[PDB]
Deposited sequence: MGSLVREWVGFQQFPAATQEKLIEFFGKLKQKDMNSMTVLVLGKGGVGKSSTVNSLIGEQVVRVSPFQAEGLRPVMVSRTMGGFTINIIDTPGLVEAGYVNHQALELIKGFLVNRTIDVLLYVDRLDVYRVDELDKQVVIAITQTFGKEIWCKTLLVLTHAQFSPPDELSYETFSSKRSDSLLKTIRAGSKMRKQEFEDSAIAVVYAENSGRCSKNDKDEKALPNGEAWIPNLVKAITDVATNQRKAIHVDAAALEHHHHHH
């Protein structure tokens, strides 16, 4: 049993059942979502949120990946949660061979590249991480990618709007994904990487259906699974590691 699914709001399960069924007609009855990111960004919390139960560890401070599989009515979602890819402000190459080792003989259907919304810049390290992922998995992982921005409930401090701040922050990271993967114009706009927002804090405003809602009113956990279901299905080739 997927026990976390009975603890979702009534309207979140209505939508999840509707998205899993839309896959079960392309004859896909399972999918593998890899979760990659720097430490601190909320990768483990987004897994706990998606699964609807506390299944991976949550911390302000390693070491092996953990696969989390749940089945609901003929459909299997496997989500791999990884160590942070960063340490001492340098790309951690060991955490990357551990993730690489756990993925040999697996088919990755979606990558969720996770970062925080609530951050004012991107640097060399952010690009060093994009490049290490490209060198590990191939430029093709970015055709199966979602940019997932946690802390979505943040309020920019400086008299500057939520949509101005977040479209700048998104633009930033997508431009860093492009440069770091050294993809050409045509290849980059034809992976057309979507940006989805996450609010994992228990402090998170609910909408009128008890769904964890973004500042615009939308149940972010349905938005995330619609988007996952879509990359899993966009008919770009999936990433088999061997």
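Taking the first deposited residue as 1, the stretches without any C-alpha atom are 1-6, 68-70, 252-262.
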